[PDB]
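Enquirer: Quick one: the structure is below, and I'll ask about it shortly.
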Amino acid sequence: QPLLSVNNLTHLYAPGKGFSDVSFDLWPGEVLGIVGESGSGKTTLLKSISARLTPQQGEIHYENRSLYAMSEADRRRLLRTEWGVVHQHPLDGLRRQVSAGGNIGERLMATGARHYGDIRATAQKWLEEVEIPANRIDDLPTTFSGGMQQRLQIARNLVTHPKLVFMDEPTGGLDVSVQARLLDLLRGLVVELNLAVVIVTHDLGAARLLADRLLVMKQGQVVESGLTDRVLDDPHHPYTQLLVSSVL
Amino acid sequence: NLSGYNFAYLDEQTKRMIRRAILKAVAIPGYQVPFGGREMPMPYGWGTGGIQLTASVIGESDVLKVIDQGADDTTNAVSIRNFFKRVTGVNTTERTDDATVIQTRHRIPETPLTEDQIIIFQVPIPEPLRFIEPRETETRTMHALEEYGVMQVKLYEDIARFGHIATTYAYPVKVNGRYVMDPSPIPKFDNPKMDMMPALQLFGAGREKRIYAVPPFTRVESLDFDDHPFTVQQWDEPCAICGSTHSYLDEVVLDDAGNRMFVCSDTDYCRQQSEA
Amino acid sequence: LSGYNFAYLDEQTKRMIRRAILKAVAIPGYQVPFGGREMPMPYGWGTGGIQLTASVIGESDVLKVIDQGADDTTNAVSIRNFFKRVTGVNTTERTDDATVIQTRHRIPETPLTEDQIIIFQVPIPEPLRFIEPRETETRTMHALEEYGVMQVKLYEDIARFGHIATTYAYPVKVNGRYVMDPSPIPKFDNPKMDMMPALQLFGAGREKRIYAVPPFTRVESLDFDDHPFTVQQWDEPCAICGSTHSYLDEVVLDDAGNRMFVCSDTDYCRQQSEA
Amino acid sequence: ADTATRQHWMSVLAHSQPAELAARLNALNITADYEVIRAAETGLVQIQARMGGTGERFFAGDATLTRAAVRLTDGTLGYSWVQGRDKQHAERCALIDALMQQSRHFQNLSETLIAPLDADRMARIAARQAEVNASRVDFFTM
Amino acid sequence: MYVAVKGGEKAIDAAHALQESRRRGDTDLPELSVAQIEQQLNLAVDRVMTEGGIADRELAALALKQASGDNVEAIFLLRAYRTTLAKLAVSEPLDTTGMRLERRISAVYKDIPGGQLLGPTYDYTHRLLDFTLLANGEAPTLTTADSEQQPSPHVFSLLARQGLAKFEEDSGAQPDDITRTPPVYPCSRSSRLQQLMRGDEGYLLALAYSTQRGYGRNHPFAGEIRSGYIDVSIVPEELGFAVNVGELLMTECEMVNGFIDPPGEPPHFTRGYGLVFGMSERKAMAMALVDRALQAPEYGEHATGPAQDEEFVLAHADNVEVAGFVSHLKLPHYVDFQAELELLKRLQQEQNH
Amino acid sequence: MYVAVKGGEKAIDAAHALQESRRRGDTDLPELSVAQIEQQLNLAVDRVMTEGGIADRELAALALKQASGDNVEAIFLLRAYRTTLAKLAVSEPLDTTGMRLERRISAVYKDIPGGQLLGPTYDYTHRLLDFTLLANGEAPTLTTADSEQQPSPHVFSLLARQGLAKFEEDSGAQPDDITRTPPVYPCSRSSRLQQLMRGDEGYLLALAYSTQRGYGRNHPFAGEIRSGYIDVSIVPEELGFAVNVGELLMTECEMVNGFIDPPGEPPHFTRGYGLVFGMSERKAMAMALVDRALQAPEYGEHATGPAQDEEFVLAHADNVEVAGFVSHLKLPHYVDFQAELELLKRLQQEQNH
Amino acid sequence: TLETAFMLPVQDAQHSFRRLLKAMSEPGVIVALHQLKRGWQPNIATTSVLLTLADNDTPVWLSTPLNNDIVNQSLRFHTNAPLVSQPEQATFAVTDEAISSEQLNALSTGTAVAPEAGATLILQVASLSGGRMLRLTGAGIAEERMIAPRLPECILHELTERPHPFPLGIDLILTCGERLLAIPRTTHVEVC
Ligand SMILES: [Zn+2]
Ligand SMILES: [Zn+2]
Ligand SMILES: [Zn+2]
Ligand SMILES: [Zn+2]
């Protein structure tokens with residue numbers, strides 16, 4: 001049955017701002033993208049679904065368990081053992097004073113690794129997995145580049161083999177070459193690991209490259225369910241045409 | 001007691017409050033129980049929490065032993081002992097075995113403690129996560145959820161940066177298998193003495209308003225990795241007086257030429273060994 | 001004859017302040033750092049203005065010290081008495097008779113003429129300080145002339161209230177290049193700074209900055225076409241002189257709520273009343 | 001005597017300076033055998049203020065307070081709570097509180113002791129207020 | 001061979017004798033009495049009473065004398081003495097509206113009902129050292145005026161009557177006492193105010209200065225500074241009615257701050273409050289500014305500067321705690337340093353055999 | 001019909017007369033001498049000298065007397081007096097090794113060469129208010145010992161000779177003088193130290209406390225605290241040789257901080273330095289801790305806590321500036337507040353329905 | 001009318017607290033509180049515990065069998081504690097072997113973020129030896145302690161199952177005559 005069922009989620013902190021009557025389901029291994037204007041409230045949807053913002057009304061059902069029915073400890077554990085969150089700003093999801101190896105192995109240690117050699121070996125393996133050179137494992141995030149910081153964030157979140165990762169436009173602020181290479185790496189990871197990805201972006205190019213199914217939101221509600229190369233090339237509802245033409 | 005102050009200098013209300021806190025802490029080993037500490041004659045940072053704890057537990061028939069840095073004659077130790085003789089009149093002893101209540105600062109006596117003995121610790125920072133997470137609003141929740149990952153992360157970072165754990169005193173210890181607790185800033189040489197000890201251990205942070213405890217015969221395990229096991233301080237030299245190799249030594253600089261001697265930190269233990 | 005050096009300041013301090021003044025005049029709007037000393041008045045009570053006046057004042061000068069536009073305000077009285085003690089110069093309450101004017105939060109209603117110098121007392125000599133508290137950052141902003149953040153704040157104010165929340169110390173562009181804040185004067189007084197015939201000096205002793213506007217310089221308040229620069233307005237005239245073109249201040253007469261509006265510029269009020 | 005008048009003389013006694021009260025009582029040379037049920041005790045009164053002057057309450061420190069109680073032979077109880085630390089003053093105030101509750105002493109003391117003390121305090125207040133009003137700033141007239 | 005000896009007790013005895021001798025100073029000069037200190041060093045006594053928690057002038061002056069004039073040591077002495085005393089009663093809430101004014105100023109209006117009473121202040125004085133104080137002087141003769149006290153309503157009462165400010169309404173909430181229980185962040189405004197009142201004057205002044213300089217701007221105006229005598233009243237158990245126990249010299253400061261625009265309601269000024277013992281105003285102004293800064297959560301303001309950080313501001317505000325823990329480093333710490341030395345020597349031996 | 005009267009100067013004069021009369025206090029008590037303050041309130045005098053910038057005990061005591069004991073006002077009086085005086089010479093660098101010790105304590109070793117000289121101190125005293133000081137008594141006679149000062153090397157000399165720390169090398173860089181030019185951030189360590197020494201004791205203490213509680217820890221140890229007399233020497237133009245002009249009572253604190261591991265040399269302890277006038281240790285200790293905290297850029301450390309932020313720490317350290325600006329709000333601001341009221345009244349009327 | 005209290009309140013309170021601390025820190029150890037010569041009927045141990053711990057800050061709830069008027073007056077006069085009517089508000093819950101399951105479940109067990117906020121249950125039992133044998137292990141016990149108190153079924157269920165996981169829970173203080181026994185929330189109990 002779908003791994004993340006969203007049923008009529010609404011939250012409007014300020015008049016209009018926020019989202020309302022949002023419903024959909026997610027199956028394992030499929031990438032669902034979210035596209036909309038900055039005021040669309042898509043980002044608020046991302047916080048609400050990513051066990052961070054309590055909705056005013058609606059229901060989330062991770063696996064067959066209401067998300068917010070879980071105790072604070074249960075959802076806190078979920079956000080660090082089986083779920084992943086990739087913030088736009090790496091320093092938000094990365095511990096700045098902790099070396100890259102420590103950032104990657106913090107999840108393992110929170111699970112109780114209790115073996116330095118194994119933790120360091122796993123950290124090096126994951127640094128290789130994301131193309132970061134392994135020679136600078138002991139380095140710290142501030143000494144990395146933006147693309148390298150992003151790669152480190154994905155490695156940190158994927159160290160535990162999460163079955164569902166949310167991604168709040170991690171490519172923002174990256175060059176076209178770096179963005180494309182990072183997206184290619186993300187495609188490789190997504191196909192290699194059967195983990196669902198919920199990617200929120202403000203541009204259609206990233207969704208085209210990465211997403212499998214696409215959703216469009218306007219002013220805090222779902223506009224039309226989509227699909228790669230269908231909504232992108234065949235925008236039905238007029239705002240969809242406006243968006244694609246604005247990109248074009 | 002003829003100083004005009006209530007026995008132990010504390011009003012009965014404060015003593016009752018501290019006693020309730022002590023009982024709650026004993027019922028929840030390793031948990032920092034907030035308590036309404038007052039201002040003692042000795043300044044905050046100078047052992048007011050331990051002073052209040054011992055004032056709440058000390059009685060007429062108890063034999064008090066106050067040691068600072070493991071020495072009875074340390075200036076702060078003698079000051080606290082004089083205060084308690086003035087406001088309590090109890091007997092004071094420098095021998096660990098004779099003492100019934102031991103108030104220690106930064107050291108655990110070398111002589112093992114028997115039952116019915118209470119050792120009271122003066123802790124400046126009762127939170128083991130304080131230096132990783134300075135905010136109490138965060139560390140309180142971290143303790144509630146048993147989210148002690150950052151401690152292991154800090155140990156891992158120390159190993160990566162230096163090749164060894166950089167914490168040498170106030171070493172965090174998991175007590176009873178659930179709560180990670182910060183002992184007094186005792187050297188990691190002393191953590192093994194805290195495991196399954198026959199005596200009740202009380203830790204009081206007067207400045208930080210916290211009381212916690214370890215009941216007798218409780219599991220206390222210092223955090224570490226399997227491939228980097230917990231170790232203790234080592235010295236090549238024995239005690240320069242008693243010639244003991246099983247005691248925490250301290251360094252005394254005899255002259256500017258660089259001549260130095262290492263002597264037992266526990267003065268009572270050194271005295272006992274030398275007279276043998 | 002007070003036992004201190006004339007104007008209370010030693011010669012080298014006067015020279016340093018004078019070099020700072022010349023540099024500031026050569027760079028209209030730039031905040032020139034200067035090593036100000038501690039004056040008998042506390043920091044924030046007008047030490048910068050006092051130091052500037054001491055550096056520029058001479059024996060033949062006629063000094064007018066006004067606070068809130070009034071000559072009899074407590075701080076104005078204290079500063080004027082200090083200057084009378086340490087210099088003995090002549091003091092006046094009439095704007096047209098004063099060669100040097102030291103003002104705290106007003107530009108006199110009476111227009112200033114040539115050869116007059118007006119010293120402004122500035123608490124915060126930085127229009128971007130409440131946006132970017134770091135001096136290390138505002139300094140480079142001024143160096144590169146990156147004032148977009150000021151426009152951002154103005155637009156945010158318009159969005160939140162529909163109006164520029166700033167009402168005094170309103171930033172102004174000088175000589176088309178430097179955004180500076182004037183003294184904490186109302187928006188009412190900003191127009192008076194444009195193409196003024198009198199040199200304007202601004203001094204912040206606590207923040208240790210001197211800047212200036214030469215005579216006949218363009219001083220344009222920041223605004224937008226959709227939101228033209230407005231000025232404080234009242235529906236009442238001065239309760240004493242009856243003037244409708246002066247910055248009024250409110251005086252509460254009794255707890256019942258009775259109040260009267262009177263000209264802030266007491267000299268201008270006196271001139272109008274005697275007419 | 002209603003509680004208003006008792007409050008009045010208790011306030012007058014509390015605000016009176018210890019020295020002047022002692023001098024007044026010695027001059028009056030009043031004889032009244034009594035026993036101190038509660039010896040003058042010094043402690044704290046927790047000062048409680050309102051945020052904003054009229055809003056929620058909050059604790060604003062403490063002030064030293066000396067309290068005493070006295071029982072006369074007949075049975076009347078006098079109490080005193082005086083801010084400060086003078087035990088003798090508190091005991092004297094309690095004694096006068098006890099005395100004022102007796103018709104034999106109320107009329108005499110209210111005119112010979114309480115009224116002069118209140119007048120002296122009011123005179124001091126008026127003098128101080130007169131010398132302080134010289135610092136008022138004048139702006140307008142008529 | 002060496003043998004340990006006892007020298008701690010005699011060493012501390014000698015040190016305390018030396019400190020007492022130094023405090024007495026030159027025996028030729030007469031020992032200054034506590035009355036002289038509480039009369040002529042009144043501004044130091046004001047800070048000592050405010051931060052020590054006891055509003056007794058003689059006790060504060062005695063602490064200052066015993067502390068060799070050290071404000072921190074005197075504050076700690078008074079605070080420690082506080083523990084000894086018992087709480088005989090809790091006063092009725094103070095009514096500042098009925099204080100015998102000795103000073104009343106407002107920066108928001110040129111003139112206000114009751115006038116601008118400057119009172120005894122150092123403001124507008126030229127801070128030039130008065131060397132005539134090196135020799136005994138003559139008591140100045142004070143001029144006088146009419147002795148009547150004009151009605152002096154609070155400026156915020158006037159503002160609220162116009163609708164510009166919001167009245168401070170009492171909900172009957174029980175105040176939080178930190179002396180009874182340790183603070184638990186986030187703290188309610190009552191406990192925040194209690195902690196600020198007994199906070200370091202210098203620390204609070206620095207935080208308020210930072211807010212004024214842009215680190216958490218709040219746009220403050222000195223709405224009302226008001227120093228005078230407030231009557232203190234209690235309600236004993238023996239007598240069911242209220243009894244006036246005396247009066248305290250209190251300084252009350254109320255700041256007008258940047259107005260807000262709540263939804264629905266019209267915009268209004270926000271306000272800050274401060275209250276101290278004695279005639280020292282600057283502490284009250286700093287308390288008001290920091291209080292307004294810490295009110296940020298109620299108005300949903302993003303903390304821009306540390307002055308808006310409740311944890312950081314209130315954790316380090318207390319003189320006794322702060323001073324005690326900085327000075328604790330003077331205590332022997334050679335066991336911990338021996339541990340550090342052992343580790344460092346191991347590291348040095350490893351890197352450079 | 002109203003008319004504007006002129007009543008500012010008379011009010012100012014009356015207020016100042018009232019303040020002077022209040023400072024004199026009751027005329028029955030003899031006016032306390034400046035010598036009495038200098039001798040018996042020596043710790044307040046020490047703080048005033050340190051933060052005022054002049055190491056003259058009599059001048060600091062005079063400032064305290066003129067300020068009615070207010071430390072901030074006295075500090076400002078002394079700082080303002082500094083301006084009038086002319087700089088006659090610049091002393092040769094102080095050699096603290098020649099200090100004639102009155103107090104020397106090391107917290108890092110049980111015993112040191114020269115011993116633990118406690119000297120006069122309030123440490124280890126039970127802070128119980130001594131009510132025998134209400135009535136003057138007589139100080140006890142001081143016991144004596146051998147009158148020779150055995151060599152007292154600095155503890156960091158011992159540590160550096162072991163290689164555990166690094167000697168502070170003199171590169172000949174010209175010290176920065178904030179008193180001559182306004183501070184410019186980032187600041188050299190000389191300017192930072194000069195600013196810290198003039199900084200407020202309470203603010204620096206709070207910052208050091210915050211660092212000790214985890215807000216950017218530096219793991220401090222009181223390596224050595226020395227109080228004693230240091231000789232002062234100058235080289236006049238008209239004489240080609242140095243001349244000894246006197247001696248100052250100064251306190252020096254040197255703090256061992258957390259060790260680092262430089263890439264190309266063995267790990268070693270970092271150090272902090274504090275130096276003040278008089279025998280007020282805690283100011284020197286806070287100075288040393290904040291000095292180490294502000295050394296973050298030199299060691300490439302991330303600014304975790306506010307105490308590590310150089311601009312924030314130093315822009316608000318100056319007691320004189322902080323106090324003056326916080327106090328400026330007592331000045332009339334009714335023009336700015338009238339502008340704010342005009343804006344607010346319009347905003348309210350726009351949304352009035 | 002009012003019941004008497006400790007003859008020497010300070011010394012007796014200290015001695016009783018030390019005995020109670022010995023009992024609590026070493027679960028299963030029976031201690032005697034001999035300082036009070038007569039409890040406020042209905043025992044001595046319970047009265048000593050209330051006199052040495054309860055005060056104005058600790059609401060006390062007395063079960064109906066023990067909720068006598070004289071004892072209420074004595075608690076108000078001596079301890080000054082507030083006597084609440086519902087177990088939910090009780091910091092100290094005093095009851096006997098008649099305690100019902102609902103009453104036991106109503107007690108405050110604290111919160112995971114502040115487990116000390118819970119309530120302490122003082123249970124009066126017919127005897128401390130003779131009931132179902134129980135084995136105790138955990139903090140305070142070297143190897144294992146065997147105690148056979150005669151206490152209700154609901155309490156046995158609470159101890160053996162611990163429905164509220166650590167740190168949540170209620171510390172139990174069994175009393176009988178002048179003798180006392182303590183079982184903290186961290187003790188693992190198992191029938192025989
Ligand atoms: Zn320590
Ligand atoms: Zn030995
Ligand atoms: Zn201003
Ligand atoms: Zn007019």
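Following the order of the structure tokens, first chain is A, next is B, and so on, with residues numbered from 1 inside each chain and ligands from 1 in the order they appear.
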Run DSSP on the backbone and give me the residues of segment 121-232 of chain F it puts in alpha helix (DSSP H), as a short mmCIF file (atom, residue, chain, number, x, y, z; two decimals) with N, CA, C and O atoms, in the first residue's frame.

Expert:
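Here's the written file part-v3.cif:
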```cif
data_model
loop_
_atom_site.label_atom_id
_atom_site.label_comp_id
_atom_site.auth_asym_id
_atom_site.auth_seq_id
_atom_site.Cartn_x
_atom_site.Cartn_y
_atom_site.Cartn_z
N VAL F 155 54.23 30.77 36.18
CA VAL F 155 53.88 29.38 35.90
C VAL F 155 53.99 29.07 34.41
O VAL F 155 54.37 27.95 34.05
N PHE F 156 53.67 30.02 33.54
CA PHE F 156 53.79 29.73 32.12
C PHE F 156 55.24 29.64 31.67
O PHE F 156 55.51 28.99 30.67
N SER F 157 56.17 30.26 32.39
CA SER F 157 57.57 29.96 32.12
C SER F 157 57.87 28.49 32.37
O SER F 157 58.54 27.84 31.56
N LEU F 158 57.35 27.95 33.48
CA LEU F 158 57.53 26.53 33.75
C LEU F 158 56.88 25.67 32.67
O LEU F 158 57.48 24.70 32.20
N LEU F 159 55.65 26.02 32.27
CA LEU F 159 54.98 25.23 31.24
C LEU F 159 55.70 25.30 29.90
O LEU F 159 55.86 24.28 29.23
N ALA F 160 56.14 26.50 29.50
CA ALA F 160 56.83 26.65 28.23
C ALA F 160 58.16 25.91 28.22
O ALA F 160 58.51 25.29 27.22
N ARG F 161 58.90 25.97 29.33
CA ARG F 161 60.16 25.23 29.38
C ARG F 161 59.93 23.74 29.21
O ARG F 161 60.79 23.02 28.68
N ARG F 189 45.32 42.25 18.71
CA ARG F 189 45.19 41.82 20.09
C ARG F 189 45.56 42.93 21.07
O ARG F 189 45.05 42.96 22.18
N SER F 190 46.45 43.84 20.67
CA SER F 190 46.80 44.95 21.55
C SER F 190 45.60 45.86 21.77
O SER F 190 45.28 46.23 22.90
N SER F 191 44.91 46.23 20.68
CA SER F 191 43.73 47.07 20.82
C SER F 191 42.62 46.33 21.55
O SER F 191 41.89 46.92 22.35
N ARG F 192 42.47 45.03 21.29
CA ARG F 192 41.47 44.25 22.01
C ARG F 192 41.75 44.26 23.50
O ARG F 192 40.83 44.43 24.31
N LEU F 193 43.00 44.06 23.90
CA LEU F 193 43.34 44.07 25.31
C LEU F 193 43.12 45.44 25.93
O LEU F 193 42.61 45.55 27.05
N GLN F 194 43.49 46.50 25.21
CA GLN F 194 43.27 47.85 25.72
C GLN F 194 41.78 48.10 25.94
O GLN F 194 41.38 48.67 26.96
N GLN F 195 40.95 47.69 24.98
CA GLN F 195 39.51 47.88 25.13
C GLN F 195 38.96 47.04 26.27
O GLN F 195 38.10 47.51 27.03
N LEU F 196 39.43 45.81 26.41
CA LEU F 196 38.94 44.95 27.49
C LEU F 196 39.28 45.54 28.85
O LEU F 196 38.45 45.51 29.77
N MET F 197 40.49 46.07 29.01
CA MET F 197 40.87 46.62 30.30
C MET F 197 39.97 47.77 30.70
O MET F 197 39.66 47.96 31.88
N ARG F 198 39.54 48.57 29.72
CA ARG F 198 38.60 49.65 29.97
C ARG F 198 37.15 49.19 30.00
O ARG F 198 36.26 50.00 30.28
N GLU F 201 33.27 45.72 34.26
CA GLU F 201 33.52 44.47 34.96
C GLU F 201 32.34 43.52 34.83
O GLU F 201 32.53 42.32 34.59
N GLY F 202 31.12 44.02 34.99
CA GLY F 202 29.96 43.15 34.94
C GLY F 202 29.76 42.51 33.58
O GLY F 202 29.47 41.32 33.48
N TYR F 203 29.92 43.29 32.52
CA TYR F 203 29.72 42.77 31.17
C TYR F 203 30.76 41.69 30.85
O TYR F 203 30.42 40.62 30.34
N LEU F 204 32.03 41.97 31.13
CA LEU F 204 33.07 40.99 30.86
C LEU F 204 32.88 39.75 31.72
O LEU F 204 33.11 38.63 31.26
N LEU F 205 32.46 39.93 32.97
CA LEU F 205 32.20 38.78 33.83
C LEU F 205 31.09 37.92 33.25
O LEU F 205 31.19 36.69 33.24
N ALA F 206 30.01 38.55 32.78
CA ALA F 206 28.92 37.78 32.19
C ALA F 206 29.38 37.03 30.95
O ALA F 206 29.01 35.88 30.74
N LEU F 207 30.19 37.68 30.11
CA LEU F 207 30.68 37.00 28.91
C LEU F 207 31.58 35.83 29.26
O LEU F 207 31.48 34.75 28.65
N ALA F 208 32.48 36.01 30.22
CA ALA F 208 33.34 34.91 30.64
C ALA F 208 32.52 33.77 31.23
O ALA F 208 32.81 32.60 31.00
N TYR F 209 31.49 34.11 32.01
CA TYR F 209 30.60 33.10 32.55
C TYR F 209 29.92 32.32 31.43
O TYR F 209 29.84 31.09 31.47
N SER F 210 29.44 33.03 30.41
CA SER F 210 28.81 32.36 29.28
C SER F 210 29.78 31.42 28.58
O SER F 210 29.41 30.30 28.21
N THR F 211 31.03 31.85 28.39
CA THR F 211 32.01 30.95 27.80
C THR F 211 32.24 29.73 28.67
O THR F 211 32.35 28.61 28.16
N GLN F 212 32.24 29.88 29.99
CA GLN F 212 32.50 28.78 30.93
C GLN F 212 31.28 27.87 30.99
O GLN F 212 31.46 26.75 31.47
#
```

Enquirer: Step by step, measure atom-to-atom distances between ligand 2 and each residue using only C-alpha atoms and all ligand atoms, keep those at most 10 Å, then write them as number ranges by chain.

Expert: B: 238-250, 262-274

Enquirer: Please determine the contact residues of chain B with respect to chain A at a cut-off of 7 Å, counting only C-alpha atoms, and supply them as a ChimeraX atom specification.

Expert: /B:145,148-149,152-153,156-157,160,225-227

Enquirer: Find the residues around segment 93-102 of chain D up to 10 Å (only C-alpha atoms counted), leave out those fewer than 3 positions away in its own chain, and share them as a PyMOL selection string.

Expert: chain D and resi 1+5-7+9-14+16+18+21-22+25+30+32-36+40+67-72+74-82+87-90+105-110+113-114

Enquirer: Please identify the residues whose atoms come within 8 Å of ligand 1, using only C-alpha atoms and all ligand atoms, and report them as a CSV table (one decimal) with N, CA and C atoms, in the first residue's frame.

Expert:
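Saved result, result-v3.csv, follows:
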```csv
chain,number,residue,atom,x,y,z
B,45,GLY,N,29.9,28.3,42.8
B,45,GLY,CA,31.1,27.8,42.2
B,45,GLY,C,32.0,27.2,43.2
B,106,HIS,N,36.2,17.0,43.3
B,106,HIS,CA,37.1,16.6,42.2
B,106,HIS,C,37.8,15.2,42.5
B,123,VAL,N,29.6,19.4,42.0
B,123,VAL,CA,29.7,19.4,40.5
B,123,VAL,C,29.5,20.9,40.1
B,124,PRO,N,30.3,21.5,39.3
B,124,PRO,CA,30.1,22.8,38.8
B,124,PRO,C,29.0,22.8,37.6
B,185,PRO,N,33.8,16.9,38.4
B,185,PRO,CA,35.0,16.8,37.5
B,185,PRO,C,36.1,16.0,38.1
E,328,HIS,N,35.8,31.0,40.9
E,328,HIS,CA,36.0,29.6,41.3
E,328,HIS,C,37.3,29.1,40.6
E,329,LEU,N,37.7,29.7,39.5
E,329,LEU,CA,38.9,29.3,38.8
E,329,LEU,C,40.1,29.5,39.7
E,331,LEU,N,40.3,28.6,42.8
E,331,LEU,CA,40.4,27.5,43.7
E,331,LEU,C,41.4,26.5,43.2
E,333,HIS,N,42.8,23.5,41.2
E,333,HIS,CA,42.2,22.7,40.1
E,333,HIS,C,43.4,21.9,39.6
```

Enquirer: Taking only C-alpha atoms and all ligand atoms into account, report as a PyMOL selection string which residues have an atom no farther than 12 Å from an atom of ligand 4.

Expert: (chain C and resi 69-70+109+236-250+260-275) or (chain F and resi 2-4)

Enquirer: Pull out every residue of chain E that has at least one atom within 7 Å of chain C, counting only C-alpha atoms, and report them as an NGL selection string.

Expert: :E and (109-113 or 124 or 126-128 or 153 or 158 or 213-215 or 217)

Enquirer: Restricting it to N, CA and C atoms, dump the selection as a JSON list (two decimals), in the first residue's frame.

Expert:
```json
[["chain", "number", "residue", "atom", "x", "y", "z"],
["E", 109, "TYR", "N", 6.89, 63.94, 25.95],
["E", 109, "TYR", "CA", 6.14, 65.18, 25.84],
["E", 109, "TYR", "C", 6.97, 66.32, 26.40],
["E", 110, "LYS", "N", 6.82, 67.50, 25.80],
["E", 110, "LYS", "CA", 7.51, 68.68, 26.31],
["E", 110, "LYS", "C", 7.09, 68.96, 27.75],
["E", 111, "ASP", "N", 5.79, 69.04, 27.99],
["E", 111, "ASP", "CA", 5.24, 69.27, 29.32],
["E", 111, "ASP", "C", 4.11, 68.29, 29.56],
["E", 112, "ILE", "N", 3.97, 67.87, 30.82],
["E", 112, "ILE", "CA", 2.98, 66.87, 31.20],
["E", 112, "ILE", "C", 2.27, 67.33, 32.46],
["E", 113, "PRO", "N", 1.09, 66.77, 32.73],
["E", 113, "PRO", "CA", 0.40, 67.11, 33.98],
["E", 113, "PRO", "C", 1.29, 66.80, 35.18],
["E", 124, "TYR", "N", 22.78, 66.79, 33.50],
["E", 124, "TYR", "CA", 23.06, 68.17, 33.14],
["E", 124, "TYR", "C", 24.18, 68.77, 33.96],
["E", 126, "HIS", "N", 28.17, 69.16, 34.55],
["E", 126, "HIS", "CA", 29.42, 69.02, 33.82],
["E", 126, "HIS", "C", 30.36, 68.18, 34.67],
["E", 127, "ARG", "N", 30.67, 66.97, 34.20],
["E", 127, "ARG", "CA", 31.44, 66.02, 35.00],
["E", 127, "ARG", "C", 32.90, 66.47, 35.00],
["E", 128, "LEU", "N", 33.18, 67.46, 35.85],
["E", 128, "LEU", "CA", 34.53, 67.93, 36.11],
["E", 128, "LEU", "C", 34.86, 67.63, 37.57],
["E", 153, "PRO", "N", -0.43, 61.95, 36.90],
["E", 153, "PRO", "CA", -0.80, 60.65, 36.35],
["E", 153, "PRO", "C", 0.32, 60.06, 35.52],
["E", 158, "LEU", "N", -2.26, 58.37, 30.11],
["E", 158, "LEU", "CA", -2.67, 59.34, 29.10],
["E", 158, "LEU", "C", -2.65, 58.73, 27.71],
["E", 213, "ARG", "N", 21.58, 49.84, 19.55],
["E", 213, "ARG", "CA", 22.51, 49.96, 18.43],
["E", 213, "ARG", "C", 22.13, 49.09, 17.24],
["E", 214, "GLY", "N", 21.00, 48.38, 17.30],
["E", 214, "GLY", "CA", 20.50, 47.61, 16.18],
["E", 214, "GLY", "C", 20.38, 46.12, 16.44],
["E", 215, "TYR", "N", 21.04, 45.60, 17.47],
["E", 215, "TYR", "CA", 20.97, 44.17, 17.78],
["E", 215, "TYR", "C", 19.66, 43.88, 18.51],
["E", 217, "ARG", "N", 16.49, 45.83, 17.59],
["E", 217, "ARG", "CA", 15.90, 47.14, 17.77],
["E", 217, "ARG", "C", 14.47, 47.03, 18.29]]
```
